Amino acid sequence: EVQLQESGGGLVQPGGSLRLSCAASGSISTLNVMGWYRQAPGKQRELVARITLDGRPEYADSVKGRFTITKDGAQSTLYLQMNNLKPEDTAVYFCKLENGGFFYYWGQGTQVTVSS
């Protein structure tokens, strides 16, 4: 019913920039919430940023002032603009779609690596 396609990752140097995209296709309720999450190696999955139902963005503390999340409703795609990247931002990043409040769906997972 819902498929999520992720792109935009890879290896950058500290200070560099990336943009993550999550393209959402399928049968999606008007009531849905998309967000970006990450999983550093040997740690637990954490929320990075998401767009609430109000359209209002919400950011983890470690990324506020550096990351900007936007939703292009036309392509039903979710964008994570990552500025000023730091080695501790290295993780596999996942996007999540919560559909109608009853199910959710995860993307395949996108490697981001910040190192010199």
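Numbering starts at 1 and runs along the sequence shown.
Comparing 72-80 with 27-35, the higher mean C-alpha B-factor in the PDB entry belongs to 72-80.
Ranked within its chain, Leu4 lands in the middle third, by CA B factor from the PDB record. Sort the modelled residues of the chain by CA B factor and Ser17 lands in the lowest third. Among the modelled residues of the chain, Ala40 sits in the highest third by CA temperature factor in this PDB entry. In the PDB entry, a CA B factor belonging to the middle third of its chain's modelled residues is recorded for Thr110. In the PDB entry, a CA B factor belonging to the highest third of its chain's modelled residues is recorded for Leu53.
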